[PDB]
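Down below is the structure, laid out as structure tokens.
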Amino acid sequence: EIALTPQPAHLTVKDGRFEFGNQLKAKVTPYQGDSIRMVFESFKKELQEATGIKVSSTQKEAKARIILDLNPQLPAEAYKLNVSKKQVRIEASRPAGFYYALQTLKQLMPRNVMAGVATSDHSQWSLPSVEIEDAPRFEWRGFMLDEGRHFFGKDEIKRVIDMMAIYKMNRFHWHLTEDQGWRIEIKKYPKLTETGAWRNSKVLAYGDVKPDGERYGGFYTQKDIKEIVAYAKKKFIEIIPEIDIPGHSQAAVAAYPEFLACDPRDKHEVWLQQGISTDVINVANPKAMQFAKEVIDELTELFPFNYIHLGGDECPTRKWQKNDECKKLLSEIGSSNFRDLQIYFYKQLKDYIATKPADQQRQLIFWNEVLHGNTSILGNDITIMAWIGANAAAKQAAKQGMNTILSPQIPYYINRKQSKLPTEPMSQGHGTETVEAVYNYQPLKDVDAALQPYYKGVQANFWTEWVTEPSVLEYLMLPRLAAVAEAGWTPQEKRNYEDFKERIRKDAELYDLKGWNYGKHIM
Ligand SMILES: [Cl-]
């Protein structure tokens with residue numbers, strides 16, 4: 001009957017049910033300039049769409065069948081939800097807490113409510129009596145989509161946001177730039193999208209698959225970006241842009257080779273292959289430095305969240321070793337290790353950001369390869385996204401006083417096959433990254449108590465070398481996304497895969513109402 005995902009920290013089931021009727025009154029705290037009333041108004045619209053129930057306002061506790069009260073002692077995303085025959089009572093300290101209480105309230109109702117779809121026939125509406133106290137284990141509960149390899153577009157990304165929101169995920173990491181495409185309009189550099197957002201193959205070549213000649217691509221205008229940011233904010237999802245530099249930058253190099261290429265006399269094209277490119281940005285070129293500053297400036301206007309991801313994964317130094325500007329810069333920073341140029345490039349950008357007014361400053365996230373360099377100049381107010389040797393990298397980050405986010409390739413890359421069946425779509429892996437394998441990863445296993453404060457959370461990543469169509473994206477995303485969401489939210493002691501399996505089965509109905517694809521193996 002009751003199926004909540006993520007499982008709350010504390011749930012007690014009580015006798016009886018709360019019945020709505022067609023109309024009822026709510027009393028809602030005015031905290032923070034009526035912000036909670038605004039959250040509640042959004043909820044009311046959803047509820048009416050799905051059920052026909054109308055909620056009006058009251059100031060009188062005695063008339064309130066739903067009450068949202070401020071409890072400042074609760075954590076920033078925590079809530080209490082008490083459902084009795086007489087009243088629904090919610091307590092929280094911050095808008096996100098109240099929003100999550102209402103997510104859990106929706107999830108206690110038939111699945112059409114969470115889906116935001118009315119039922120064909122006439123229905124009766126109620127809640128089970130419960131006492132819930134809930135709070136997320138981790139503050140960062142993320143999903144990353146690669147749109148550089150294949151582009152999905154606004155409608156599909158809204159569906160991604162919708163999926164994340166079901167499971168209380170709060171961080172969308174937008175991997176917008178790659179060797180094979182650049183997907184975000186930058187006004188000062190129009191060729192990033194004019195050249196970089198189109199290429200002459202849909203498939204990315206690998207093994208026996210060759211380029212297919214199709215004029216393929218797409219990008220987001222700044223208007224598009226602002227729309228998606230606003231859409232996600234309504235669901236308490238913040239967006240982190242990733243401009244992956246100076247590696248994974250062949251599309252940018254193809255757009256502006258005259259100053260971004262290490263070897264501008266050679267040819268530079270958007271890459272049609274899968275793999276790791278050596279065609280990295282010439283970090284020693286002054287126009288490359290200005291380019292990066294100017295891109296960051298435009299990101300700052302589009303993305304209000306306080307973090308930017310600069311990537312830094314899989315960045316070969318060989319083209320720097322062969323470039324005169326780079327050799328000279330390395331000599332001038334007193335080094336014989338070309339990796340240091342990557343760190344210096346970042347230091348310039350970090351310094352630049354520090355010159356800006358406080359509200360324009362951003363904190364930086366990097367893939368963990370950056371930690372292999374001498375990062376001392378960057379200080380410890382950077383964040384390491386741990387993916388390769390993740391457990392060890394996160395521990396090293398924490399030991400250096402850096403925040404860390406866990407996105408281990410195994411098992412949190414949910415583009416990978418989720419079954420060994422021969423009928424699975426083509427993607428990376430053998431089929432070992434089953435729902436169970438995802439759920440069973442324990443992020444803080446054997447992590448010393450003193451390091452744990454630096455572990456900000458977890459993220460599932462979705463790489464799109466092989467994935468070109470929304471149906472396949474969704475098939476691979478779901479239901480593994482929910483396992484990572486639960487890992488991010490639910491206390492480890494309350495996590496149980498067989499229990500999760502029973503609960504997630506109830507969401508097939510939700511997925512079907514929304515027309516989402518999903519793997520059916522555990523269903
Ligand atoms: Cl754990």
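So you can find residues: chains in the structure tokens are A, B, ... in the order shown, residues in each start at 1, and ligands are numbered from 1 in order.
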Using only C-alpha atoms and all ligand atoms, determine which residues fall within 6 Å of ligand 1, then list them as a ChimeraX atom specification.
/A:442-445,492
Go ahead and write the residues just picked, C-alpha atoms, as an mmCIF file, in the first residue's frame.
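Saved result, out-v4.cif, follows:
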```cif
data_model
loop_
_atom_site.group_PDB
_atom_site.id
_atom_site.type_symbol
_atom_site.label_atom_id
_atom_site.label_comp_id
_atom_site.auth_asym_id
_atom_site.auth_seq_id
_atom_site.Cartn_x
_atom_site.Cartn_y
_atom_site.Cartn_z
ATOM 1 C CA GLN A 442 27.758 2.138 -0.108
ATOM 2 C CA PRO A 443 29.246 5.670 -0.498
ATOM 3 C CA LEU A 444 30.620 6.081 3.066
ATOM 4 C CA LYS A 445 31.696 2.480 3.725
ATOM 5 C CA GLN A 492 22.321 3.712 4.878
#
```
Practice task
Please return as a ChimeraX atom specification: the residues of range 135-277 of chain A that backbone DSSP assigns to helix (DSSP H, G or I).
Solution key: /A:154-166,191-194,222-233,250-255,257-260
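Nearest residue to residue 223 in chain A, choosing from A:411, A:186, A:51, A:258 and counting only C-alpha atoms: A:186.
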Need the shell around residue 282 in chain A: protein/DNA/RNA residues with any atom at most 7 Å away, counting only C-alpha atoms. Skip same-chain ones fewer than 3 positions apart. Format as a PDB file with N, CA and C atoms, in the first residue's frame?
```pdb
ATOM      1  N   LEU A 260      42.626  28.806 -30.184  1.00  0.00           N
ATOM      2  CA  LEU A 260      42.464  27.702 -29.231  1.00  0.00           C
ATOM      3  C   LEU A 260      43.327  26.470 -29.566  1.00  0.00           C
ATOM      4  N   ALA A 261      43.729  26.296 -30.830  1.00  0.00           N
ATOM      5  CA  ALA A 261      44.516  25.136 -31.230  1.00  0.00           C
ATOM      6  C   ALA A 261      45.972  25.281 -30.796  1.00  0.00           C
ATOM      7  N   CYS A 262      46.545  24.158 -30.360  1.00  0.00           N
ATOM      8  CA  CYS A 262      47.971  24.061 -30.087  1.00  0.00           C
ATOM      9  C   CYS A 262      48.793  24.072 -31.376  1.00  0.00           C
ATOM     10  N   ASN A 285      47.934  30.435 -24.890  1.00  0.00           N
ATOM     11  CA  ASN A 285      47.537  31.501 -25.806  1.00  0.00           C
ATOM     12  C   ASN A 285      46.741  32.548 -25.042  1.00  0.00           C
ATOM     13  N   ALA A 288      43.054  32.427 -25.656  1.00  0.00           N
ATOM     14  CA  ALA A 288      42.402  31.272 -25.046  1.00  0.00           C
ATOM     15  C   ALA A 288      41.992  31.580 -23.602  1.00  0.00           C
ATOM     16  N   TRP A 320      50.766  20.249 -25.712  1.00  0.00           N
ATOM     17  CA  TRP A 320      51.411  21.370 -25.013  1.00  0.00           C
ATOM     18  C   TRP A 320      52.931  21.197 -25.080  1.00  0.00           C
TER      19      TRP A 320
END
```
Residue 412 in chain A proximity check over A:385, A:299, A:447, A:460, using only C-alpha atoms: winner is A:460
Any idea what's packed within 8 Å of residue 180 in chain A, counting only C-alpha atoms, ignoring anything in its chain fewer than 3 positions away? Could you give it as a ChimeraX atom specification? /A:148-149,196,199,250-251,270-273
Expected file contents, prior selection, C-alpha atoms, as a compact mmCIF listing (two decimals), in the first residue's frame:
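Final output, part_10.txt:
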```txt
# COMPACT_ATOMS: atom_id res chain seq x y z
CA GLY A 148 27.89 16.82 -26.28
CA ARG A 149 28.03 13.28 -27.72
CA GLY A 196 30.58 23.40 -32.94
CA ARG A 199 28.81 17.75 -37.48
CA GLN A 250 37.90 19.60 -29.85
CA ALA A 251 34.57 21.21 -30.89
CA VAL A 270 34.42 18.54 -34.68
CA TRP A 271 35.34 14.98 -33.76
CA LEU A 272 33.18 12.17 -35.24
CA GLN A 273 34.92 9.48 -33.15
```
So that I can see what lies close to range 309-318 of chain A, please list as a PyMOL selection string the residues with an atom at most 10 Å from it, counting only C-alpha atoms and leaving out residues fewer than 5 positions away in the same chain. chain A and resi 173-175+177+240-249+262+275-281+292+296+323+337-343+346+349+362-371+383-385+387-388
Please tabulate, as JSON lines, the residues of range 54-133 of chain A that come within 10 Å of range 25-35 of chain A, each with its closest pair of atoms and the distance in Å to one decimal, counting only C-alpha atoms and ordering rows by chain, then residue number upward.
```
{"residue": "A:54", "atom": "CA", "partner": "A:25", "partner_atom": "CA", "distance": 8.6}
{"residue": "A:55", "atom": "CA", "partner": "A:25", "partner_atom": "CA", "distance": 5.5}
{"residue": "A:56", "atom": "CA", "partner": "A:25", "partner_atom": "CA", "distance": 4.7}
{"residue": "A:57", "atom": "CA", "partner": "A:26", "partner_atom": "CA", "distance": 5.1}
{"residue": "A:58", "atom": "CA", "partner": "A:27", "partner_atom": "CA", "distance": 5.1}
{"residue": "A:59", "atom": "CA", "partner": "A:27", "partner_atom": "CA", "distance": 5.7}
{"residue": "A:60", "atom": "CA", "partner": "A:27", "partner_atom": "CA", "distance": 7.1}
{"residue": "A:61", "atom": "CA", "partner": "A:27", "partner_atom": "CA", "distance": 6.8}
{"residue": "A:62", "atom": "CA", "partner": "A:27", "partner_atom": "CA", "distance": 9.7}
{"residue": "A:63", "atom": "CA", "partner": "A:25", "partner_atom": "CA", "distance": 6.7}
{"residue": "A:64", "atom": "CA", "partner": "A:26", "partner_atom": "CA", "distance": 4.9}
{"residue": "A:65", "atom": "CA", "partner": "A:25", "partner_atom": "CA", "distance": 5.8}
{"residue": "A:66", "atom": "CA", "partner": "A:26", "partner_atom": "CA", "distance": 4.6}
{"residue": "A:67", "atom": "CA", "partner": "A:27", "partner_atom": "CA", "distance": 4.8}
{"residue": "A:68", "atom": "CA", "partner": "A:28", "partner_atom": "CA", "distance": 4.7}
{"residue": "A:69", "atom": "CA", "partner": "A:29", "partner_atom": "CA", "distance": 5.5}
{"residue": "A:70", "atom": "CA", "partner": "A:29", "partner_atom": "CA", "distance": 6.3}
{"residue": "A:87", "atom": "CA", "partner": "A:26", "partner_atom": "CA", "distance": 9.7}
{"residue": "A:88", "atom": "CA", "partner": "A:26", "partner_atom": "CA", "distance": 9.2}
{"residue": "A:89", "atom": "CA", "partner": "A:27", "partner_atom": "CA", "distance": 9.7}
{"residue": "A:90", "atom": "CA", "partner": "A:28", "partner_atom": "CA", "distance": 9.4}
{"residue": "A:91", "atom": "CA", "partner": "A:29", "partner_atom": "CA", "distance": 9.6}
{"residue": "A:93", "atom": "CA", "partner": "A:31", "partner_atom": "CA", "distance": 9.0}
{"residue": "A:94", "atom": "CA", "partner": "A:31", "partner_atom": "CA", "distance": 8.6}
{"residue": "A:95", "atom": "CA", "partner": "A:35", "partner_atom": "CA", "distance": 6.7}
```
Write out as a PyMOL selection string all residues of range 253-498 of chain A that backbone DSSP assigns to strand (DSSP E or B). chain A and resi 261+273+281+307-311+363-367+382-386+403-406+413+455-462
Using only N, CA and C atoms, please write the residues we just selected to a file, as a CSV table (one decimal), in the first residue's frame.
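Resulting contents of result_0.csv:
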```
chain,number,residue,atom,x,y,z
A,261,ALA,N,43.7,26.3,-30.8
A,261,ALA,CA,44.5,25.1,-31.2
A,261,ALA,C,46.0,25.3,-30.8
A,273,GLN,N,34.5,10.7,-33.8
A,273,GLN,CA,34.9,9.5,-33.2
A,273,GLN,C,34.6,9.5,-31.7
A,281,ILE,N,42.8,22.5,-25.7
A,281,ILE,CA,43.0,24.0,-25.8
A,281,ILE,C,44.4,24.4,-25.5
A,307,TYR,N,27.9,27.1,-8.3
A,307,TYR,CA,29.0,26.3,-8.8
A,307,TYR,C,29.0,26.3,-10.3
A,308,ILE,N,30.2,26.2,-10.9
A,308,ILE,CA,30.5,25.9,-12.3
A,308,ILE,C,31.5,24.7,-12.3
A,309,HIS,N,31.3,23.8,-13.2
A,309,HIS,CA,32.1,22.6,-13.4
A,309,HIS,C,33.0,23.0,-14.6
A,310,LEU,N,34.4,22.9,-14.4
A,310,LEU,CA,35.3,23.2,-15.5
A,310,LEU,C,35.9,21.9,-16.0
A,311,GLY,N,35.4,20.7,-15.5
A,311,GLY,CA,35.8,19.5,-16.1
A,311,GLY,C,37.3,19.1,-15.7
A,363,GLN,N,32.0,28.9,-7.3
A,363,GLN,CA,32.9,27.9,-6.8
A,363,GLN,C,33.1,26.9,-8.0
A,364,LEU,N,34.3,26.3,-8.0
A,364,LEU,CA,34.6,25.4,-9.1
A,364,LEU,C,34.7,23.9,-8.7
A,365,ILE,N,34.2,23.1,-9.7
A,365,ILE,CA,34.2,21.7,-9.6
A,365,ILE,C,35.1,21.1,-10.7
A,366,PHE,N,35.8,20.1,-10.4
A,366,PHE,CA,36.7,19.4,-11.4
A,366,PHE,C,36.5,17.9,-11.3
A,367,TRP,N,36.7,17.2,-12.4
A,367,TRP,CA,36.9,15.8,-12.3
A,367,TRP,C,38.2,15.4,-11.6
A,382,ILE,N,38.0,24.3,-3.7
A,382,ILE,CA,37.5,23.6,-5.0
A,382,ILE,C,36.9,22.3,-4.5
A,383,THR,N,36.1,21.8,-5.4
A,383,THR,CA,35.3,20.5,-5.2
A,383,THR,C,35.7,19.5,-6.2
A,384,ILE,N,36.0,18.3,-5.8
A,384,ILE,CA,36.4,17.2,-6.6
A,384,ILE,C,35.3,16.2,-6.8
A,385,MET,N,35.0,16.0,-8.1
A,385,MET,CA,34.0,15.0,-8.6
A,385,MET,C,34.8,13.7,-8.9
A,386,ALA,N,34.6,12.8,-8.0
A,386,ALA,CA,35.4,11.6,-7.9
A,386,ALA,C,34.8,10.5,-8.8
A,403,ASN,N,35.9,19.6,-0.6
A,403,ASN,CA,34.6,18.9,-0.7
A,403,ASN,C,34.7,17.9,-1.9
A,404,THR,N,33.9,16.8,-1.8
A,404,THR,CA,34.0,15.8,-2.9
A,404,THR,C,32.6,15.3,-3.1
A,405,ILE,N,32.3,14.9,-4.4
A,405,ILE,CA,31.1,14.3,-4.8
A,405,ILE,C,31.5,13.0,-5.5
A,406,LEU,N,30.8,11.9,-5.1
A,406,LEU,CA,31.0,10.6,-5.6
A,406,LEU,C,30.2,10.2,-6.8
A,413,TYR,N,27.6,5.1,-13.5
A,413,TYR,CA,27.4,5.5,-14.9
A,413,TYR,C,26.2,4.7,-15.5
A,455,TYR,N,32.2,14.9,2.3
A,455,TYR,CA,31.5,14.1,1.3
A,455,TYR,C,30.1,14.7,1.1
A,456,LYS,N,30.0,15.5,0.1
A,456,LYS,CA,28.8,16.3,-0.1
A,456,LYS,C,27.7,15.5,-0.7
A,457,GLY,N,28.0,14.4,-1.4
A,457,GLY,CA,27.0,13.5,-1.9
A,457,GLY,C,27.4,12.7,-3.1
A,458,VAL,N,26.4,12.3,-3.9
A,458,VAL,CA,26.5,11.3,-4.9
A,458,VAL,C,25.8,11.8,-6.2
A,459,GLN,N,26.3,11.2,-7.3
A,459,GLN,CA,25.7,11.5,-8.6
A,459,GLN,C,25.8,10.3,-9.5
A,460,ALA,N,24.7,10.1,-10.3
A,460,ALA,CA,24.7,9.3,-11.4
A,460,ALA,C,25.0,10.1,-12.7
A,461,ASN,N,25.9,9.5,-13.5
A,461,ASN,CA,26.3,10.2,-14.8
A,461,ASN,C,25.8,9.4,-16.0
A,462,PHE,N,25.5,10.1,-17.0
A,462,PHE,CA,25.0,9.5,-18.2
A,462,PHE,C,25.7,10.0,-19.5
```
Across A:499, A:134, A:301, A:41, the smallest distance to residue 187 in chain A, with only C-alpha atoms counted, is shown by A:301
Residue 409 in chain A proximity check over A:390, A:3, A:81, A:144, using only C-alpha atoms: winner is A:390
In terms of only C-alpha atoms, the residue from A:115, A:230, A:96, A:130 at minimal distance from residue 16 in chain A is A:130
Requested in this report: Find the residues near residue 410 in chain A: any atom within 10 Å, counting only C-alpha atoms, skip ones fewer than 4 places away on the same chain, and give them as a list in words.
Outcome: residues 387, 388, 389, 390, 414, 416, 429, 432, 433, 437, 438 and 441 of chain A
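Within 10 Å of residue 212 in chain A, once only C-alpha atoms are used and residues closer than 4 positions along the same chain are dropped, the contacting residues are residues 200, 201, 202, 203, 204, 205, 216 and 272 of chain A.
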Take the residues just selected and output them with C-alpha atoms as an mmCIF file, in the first residue's frame.
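Contents of selection_22.cif, as written:
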```cif
data_model
loop_
_atom_site.group_PDB
_atom_site.id
_atom_site.type_symbol
_atom_site.label_atom_id
_atom_site.label_comp_id
_atom_site.auth_asym_id
_atom_site.auth_seq_id
_atom_site.Cartn_x
_atom_site.Cartn_y
_atom_site.Cartn_z
ATOM 1 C CA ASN A 200 28.703 15.292 -40.390
ATOM 2 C CA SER A 201 27.747 12.195 -38.469
ATOM 3 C CA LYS A 202 24.967 11.133 -36.126
ATOM 4 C CA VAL A 203 26.702 7.984 -34.890
ATOM 5 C CA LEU A 204 30.123 8.392 -33.301
ATOM 6 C CA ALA A 205 32.613 6.082 -34.981
ATOM 7 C CA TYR A 216 23.571 16.130 -37.050
ATOM 8 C CA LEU A 272 33.182 12.174 -35.244
#
```
